[PDB]
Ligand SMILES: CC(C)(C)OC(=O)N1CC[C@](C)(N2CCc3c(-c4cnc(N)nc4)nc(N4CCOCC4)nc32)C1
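Before any questions on how it binds or moves, here is one chain, the form deposited without the named molecule, in structure tokens.
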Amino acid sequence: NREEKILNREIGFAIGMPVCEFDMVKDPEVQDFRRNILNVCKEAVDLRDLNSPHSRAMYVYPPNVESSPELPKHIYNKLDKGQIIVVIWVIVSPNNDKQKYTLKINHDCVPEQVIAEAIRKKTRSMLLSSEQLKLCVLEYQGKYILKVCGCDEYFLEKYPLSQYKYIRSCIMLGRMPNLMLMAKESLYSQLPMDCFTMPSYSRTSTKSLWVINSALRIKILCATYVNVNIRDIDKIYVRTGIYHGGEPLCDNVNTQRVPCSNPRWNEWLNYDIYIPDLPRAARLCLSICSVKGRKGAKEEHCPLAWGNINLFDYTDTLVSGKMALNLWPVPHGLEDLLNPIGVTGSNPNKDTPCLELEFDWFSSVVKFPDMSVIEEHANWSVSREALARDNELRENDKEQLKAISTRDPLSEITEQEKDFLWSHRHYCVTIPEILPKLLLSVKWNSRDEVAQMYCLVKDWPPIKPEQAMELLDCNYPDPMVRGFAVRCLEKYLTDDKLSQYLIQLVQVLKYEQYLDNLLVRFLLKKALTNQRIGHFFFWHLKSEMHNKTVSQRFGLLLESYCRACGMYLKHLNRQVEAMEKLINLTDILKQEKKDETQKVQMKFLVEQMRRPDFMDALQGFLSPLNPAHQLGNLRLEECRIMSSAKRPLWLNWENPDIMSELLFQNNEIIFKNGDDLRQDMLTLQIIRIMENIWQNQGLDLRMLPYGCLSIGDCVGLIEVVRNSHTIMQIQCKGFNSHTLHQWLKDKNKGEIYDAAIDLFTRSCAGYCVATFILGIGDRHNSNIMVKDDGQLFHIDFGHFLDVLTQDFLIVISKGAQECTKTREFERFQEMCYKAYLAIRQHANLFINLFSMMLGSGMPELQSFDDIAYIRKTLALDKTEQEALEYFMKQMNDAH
């Protein structure tokens, strides 16, 4: 068909990988995933056509609302008697004139009641009685929608107006909302039909695992493509282990050593486990190792290549017969000989070290037992032997179980406690937050001990998403656990929180055993029913496509997404093209013209930016940082190479929106090629979570988690904060330690003075507690910035996990000379003390978020010691008073 071939290449352009290359893969799991995932695409497309045209606009322009309509009390007090002033704009088609209309309404009106008060005010002197304020008001509030002035963000749903993020921040930032009436038909007329078509690539005995009573053995035949130095390497062998999510189910078993010239073994390795006792997520982890002989020094075993296999395939079949596994290059850092956390499957580069294996064939297909059999074997032998009144808990015992629940992902559960948790597993359903710890108590190489945990999980009470995510990290491989976790996310995870957590959730996809699973079908369905989520879903996947360990998985997931995302694929292709130009341009500035004057680089830049193909690709597309922002014409006179390390580009676009003057008229984005911005995305994620934790508890410590998006390999975008300056720029205007204070006095004269100091004090207090916990390094005068209104914020988070200068406390003390002894300083301290204890209450959240990214390859997130720094700064090994004591110490150390 013709219309399928044009879509195949547009999907390929967006992914960067030809779709035909996916037709050439013969792995039945790959072709079954490609075919079976389309059920999520039809479910999503069907959802978009339910209440069309509204449901279709809901997909393209979903409500950008907070997780809850409830307002913190100090935010409601910012309102007048619970009401908000709102300016509503109407465009009068003759002259396209902008008529304004200022309203005052309850913060909890839904959009259509705000539309009502707008027309009652548009005709407020039009001689209309009560019998005429129902002919025009009742008809128009069904024909109009509210749009944010200056961007493509709409209020298409009956949420409380103040629950919309744009309105929530206007309430908190003291600004006034500017909205605009739009005819429903004006918006609906701009939504295509998105006719999703099913692609053309759609359309003997079995025995139980538990009857195959016999020990496990695996044959290691030979290895090809093993290129080593014959002059120094002595022998070669295959190291092997059976692992369940990074934990060994039995002792590792090497092969015999052979000369590095003849890598053949023809050996059956036997393992200390029984085949019925293999868990569902059982994995074979092997690697080829060299041995070098040294006089006086011990032999050194260096791994040469690694690989992991699933003992069961995606159809629950215990694997039998011969197979060839292509292995992977050794990660710089892996100091063991096996890589159990590495992805599973044969390296797609088939010209790499290849290991041939063989599994036993037990006369027929062997499959894992279904829940029916598991239940029967669980209810049976649950009390094979059976002091039943002693396992009854006492107040001391129950509490201990709760104390174990408070522990973070990195805590160690002693063997004493693991047998405690397991024996009292029938009580644990009363405290569902113990489930992560109770799951680690299982001896997963025991089908009886596992069949019973499957039974407690089948009817386990749901838990909060922040804890359900813990069960999705790589140390919980079992599909029953991960299905429970995903079910908890489907029921309790709002869209707002999903968006904030999407980085970790896409990252953890790479640890999943199989292509088709409940997490990927959850994430895909939400990406295909909410285009704002689908947009970042796309870029978190695309930006990782260069990693060969995941590029096949993410390439297939992107294929299914691009087939069903609708007309947005064209917009994404415009963003992909625009970014490739910037990637190819800044790569020249980093290779060829790297040592030339900025004069020479700019001339090359202006000249290249003036070519026809370039101006077409980089004008008239959506900002990857926020697709609600349209990037129109590129105002080249304001573009410049900056004076930072990687020579980032300062790019300036006109905002083509009609109301641009009410939000921002020029959109400025920093394109940076050279630094892993995933590392900065994670920091700004945390800073945003710390702000929400503080607001919901009464601390208006205003942070600035500015936008930041990784689009590829050490390439990405950074939102420019407007009306802000670094301390370098402030101090150079007039150095003295009172230049900062004097600069804010000039910018905040009169009544605004005390507001600027308060804003600077609350924002400064937020950033001292955050930068201390997170260990932000390299804190010099260009990394801290101040806004004209006094808001302080940091800006370079390329260093974390291993700062109160004088002229900061001068601003807090309102210019006093004994800054360490003023009362204004006493409030600064108590804000920090309260802010520290609020974060410490959520240590599990912030530790989980790092732990899930530990395998992502971030330069400064390489080991548990990096994460343990937060276990130290948060003082999780002490009491609250002893922890607040700790924080007080470095506060006194900080000048």
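Residue numbers run from 1 along the displayed sequence.
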| item | value |
| --- | --- |
| Interval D272-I273, deposited residues with no coordinates in the entry (none, 1 to 3, 4 to 9, 10 or more) | none |
| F735 preceded by how many uncoordinated deposited residues after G734 | 4 to 9 |
| 236 to 244 set against 133 to 141, stretch whose average Cα temperature factor tops the other in the entry | 133 to 141 |
| Stretch exceeding the other in mean C-alpha B-factor - 113 to 121, 145 to 153 | 113 to 121 |
| Out of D390, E661, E668, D478, residue topping the C-alpha B-factor column of the entry | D390 |
| Largest Cα B-factor, entry values, listed residues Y511, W380, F522, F312 | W380 |
| Cα B factor band for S560 (lowest, middle or highest third within the chain) | lowest |
| Third of the chain's Cα B-factor distribution that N530 belongs to, per the entry | lowest |
| Where the record places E470 (Cα B-factor, split into thirds across the chain) | middle |
| Ranked against its chain, the third holding the CA B-factor of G775 | middle |
| Chain-wide C-alpha B factor ranking for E70, given as lowest, middle or highest third | middle |
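A second form of this protein, the form deposited with the named molecule bound, is not displayed here; the remarks below concern that form.
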| item | value |
| --- | --- |
| The unique member of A281, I718, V366, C768 whose heavy atoms fall within 4.5 Å of the named molecule in the bound PDB entry | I718 |
| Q608, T726, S446, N547 - the one with a heavy atom within 4.5 Å of the named molecule in the bound PDB entry | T726 |
| Answer range among 257 to 265, 751 to 759, 570 to 578, 665 to 673 for contact with the named molecule, defined in the bound PDB entry as heavy atoms within 4.5 Å | 665 to 673 |
| Close approach of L439 to the named molecule in the bound PDB entry, 4.5 Å, heavy atom | no |
| Contact test in the bound PDB entry: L557 vs the named molecule, heavy atoms, 4.5 Å | no |
| The named molecule contact in the bound PDB entry: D680, any heavy atom under 4.5 Å | yes |
| Heavy atom of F793 within 4.5 Å of the named molecule in the bound PDB entry | yes |
| Residues in 640 to 663 with any heavy atom within 4.5 Å of the named molecule in the bound PDB entry | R640, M642, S644, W650 |
